[PDB]
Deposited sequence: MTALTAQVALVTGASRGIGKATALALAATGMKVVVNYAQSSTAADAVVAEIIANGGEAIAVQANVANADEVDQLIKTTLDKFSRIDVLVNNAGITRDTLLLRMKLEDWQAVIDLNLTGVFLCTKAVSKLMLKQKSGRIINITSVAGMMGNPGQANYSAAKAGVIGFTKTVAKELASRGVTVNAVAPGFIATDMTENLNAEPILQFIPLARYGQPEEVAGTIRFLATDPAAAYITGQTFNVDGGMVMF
């Protein structure tokens, strides 16, 4: 039951991750609020969760580093003893046109946004396969789907995440574990590409993540990419 389930959300301190943490806890899930450096933001997310009648803890971990991913999971299990949903939300950008892009700026975006997804997903997969249940939601981006100048690294990483999602969905499906992606568009030069003529709100992405993560209907949904983008892609 949702009130006994546990969610791990990476980079959950602000924006989409914060809203996702709040949304998941609102369904009754216990939530691990992961952060890299911004402990204060994370503590405030936890506080809000507790104020609204839920449980949560803030755990520091840079999810580009395997060692720290292990510890993030370890701490999550110590406190809550299980993991039911993983939301891979941690990411960075280092925008620059291709011809100016330093290797380190390519590599840092690949390391966290793509390899970080591999590391966390591999770590929770074993747990989910054992208990024969689980839902994994990877945060991709419209940039990954349509391309966007100045983001050759970010779009490569985010598209990588989508391909990774489809494969892992197929690997874990026999145990009923779902694996999906959510693609936010422009979330609070731009509006001409957004039919709904406004920026999205983080709650709107969070609500969609929460549908995939917790709705009984989404037990039969896996390997998909759900866009929350005002109509930007299709």
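Residues 1-2, 191-200, 247 of the deposited sequence have no C-alpha coordinates in the model.
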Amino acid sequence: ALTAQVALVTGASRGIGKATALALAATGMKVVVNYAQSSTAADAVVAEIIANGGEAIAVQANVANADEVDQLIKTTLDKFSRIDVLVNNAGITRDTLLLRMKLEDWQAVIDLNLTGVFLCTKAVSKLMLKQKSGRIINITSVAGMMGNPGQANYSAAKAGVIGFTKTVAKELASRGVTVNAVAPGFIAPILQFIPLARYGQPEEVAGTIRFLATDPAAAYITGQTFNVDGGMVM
From here on, numbers count along this sequence of modelled residues.
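With 46-54 and 175-183 compared on mean CA B-factor from the PDB entry, the stretch scoring higher is 46-54.
Of the two segments, 133-141 and 71-79, the one listed with the higher mean B-factor is 71-79 (C-alpha atoms only). Of the candidates 34, 40, 208, 167, the one whose C-alpha carries the top B factor in the deposited record is 40. Within the listed group 161, 103, 112, 86, the record reports its top CA B-factor for 103. For residue 127, the recorded CA temperature factor ranks within the middle third of the chain's modelled residues.
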